[PDB]
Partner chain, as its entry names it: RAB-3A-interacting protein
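Below you will find one chain, with nothing else, as structure tokens; this is the form solved without the partner chain, and questions on how it binds or moves follow later.
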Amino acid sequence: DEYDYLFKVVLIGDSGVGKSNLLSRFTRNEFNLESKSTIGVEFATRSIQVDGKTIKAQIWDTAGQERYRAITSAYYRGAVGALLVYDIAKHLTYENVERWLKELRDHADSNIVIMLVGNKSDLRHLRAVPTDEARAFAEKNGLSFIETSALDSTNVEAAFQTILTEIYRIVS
């Protein structure tokens, strides 16, 4: 297949927030209730259309764990986009967003496009992170914002579509 742009996008956030299922939902429309902690680094691609151009998303995935700095550097290297993910039903994962933002600033290009993603929006009855609170943090820190559900697929396409479009605005 052919493409006009190749955008490396990385997924970051606490273990269990749903990074790998966001990947699987977007790239192959699949979801796993029993997905286990990601081993090493995983990869998946999908091409979309932006402004009449074919943009190939190259999505990197890894566990929200501590690792050798060199591996982290390789993970972020060349990334033009990042999904910073937390669990709307787990406030601790939202509290740790600052930590992942710090890792981002330490390793990523200064012009990387960052979207704050509140995943598991299907768990409405268990919400621990107010939408307004997270959106306000995102806006304050120069991040895009969206709430997704990898489970029922809500806003998953829109999330990737938006961040890939914002990257395109910068690099085209």
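Numbering follows the first chain given and starts at 1.
The discussion below concerns the form deposited with the partner chain bound, not included here.
In the entry with it bound, the partner chain lies farther than 4.5 Å from every heavy atom of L143. Although the partner is absent here, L123 sits close enough that one of its heavy atoms falls within 4.5 Å of the partner chain in the entry with it bound. Interface membership of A128, defined by any non-hydrogen atom within 4.5 Å of the partner chain in the entry with it bound, is confirmed.
Proximity of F31 to the partner chain in the entry with it bound falls within the 4.5 Å heavy atom cutoff.
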